[PDB]
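Only one chain is shown below, in structure tokens, and it's the form deposited in one PDB entry.
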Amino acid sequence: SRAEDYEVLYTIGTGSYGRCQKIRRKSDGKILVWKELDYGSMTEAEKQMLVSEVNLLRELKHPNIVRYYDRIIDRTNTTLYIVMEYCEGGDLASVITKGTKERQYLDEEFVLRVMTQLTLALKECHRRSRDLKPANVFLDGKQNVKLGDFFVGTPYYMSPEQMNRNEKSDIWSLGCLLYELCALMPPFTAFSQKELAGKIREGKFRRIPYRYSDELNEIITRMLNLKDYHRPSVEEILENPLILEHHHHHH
């Protein structure tokens, strides 16, 4: 828990909340990442909210949730580093964008992996009481899938009930994510939120591509039911004949 315990290899990403960098723990050479945050302009109130969230971040331990490792305060530069698991396969948004640009659909086997492992990640969250967007879902080097923590944008995954302001709402969002993985587009698209909301209320969308099994289409379609109580629970999802041991995480 000193910055000197790690060596930065290079920057992975930049943007709103400082930099994300790939680092190496000196003690044992383990490859990790950290988020570099400048809290210099923060009030005591804001810094307080920051402390509480980092504390909860330490609470979640699960193979399908991105693991938190450490927090380092550098009062000299008013920077806080949050050290997390490195996921070499990157995020799901990059995977979809890649597929969209290259014109190549993802394997059914890969979609089943994401369905199985994200459903389990969700199952864990629901127990505790965290958006299920592709940019927040990561892949490691071993076919494992991990859920990360985290106005202009279009709310593609907004559920019907949320639209008119529920664990079943999470199932809808999972539905949209799995749909987009298969179709390389969200089930409901629009140019404005008003248009989007109209489509969501009608609850109609294209079947996922024919390369995908009727069984997989069926379960995704069920998650996209207008009525929250017709959507399958995490338990009912995991009971599906499609889902097998090899779709689960492996060390």
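Each form is matched to the other, and the largest set of C-alpha atoms that superpose within 1.5 Å is called the rigid core. Start at 1 with the first residue shown and count on from there.
The following text describes the form deposited in another entry, which does not appear among the structures shown.
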Which residue in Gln193, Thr189, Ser213, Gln48 stands out, with a C-alpha shift of 2 Å or more between this form and the one not shown when both forms are set on the rigid core?
-> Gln48
Taking the rigid core as reference, does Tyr10 move its C-alpha 2 Å or further between this form and the one not shown?
-> yes
Core-superposed comparison between this form and the one not shown, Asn144 Cα displacement 2 Å or beyond = no
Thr79: with the rigid core matched between this form and the one not shown, does its Cα shift 2 Å or more?
-> yes
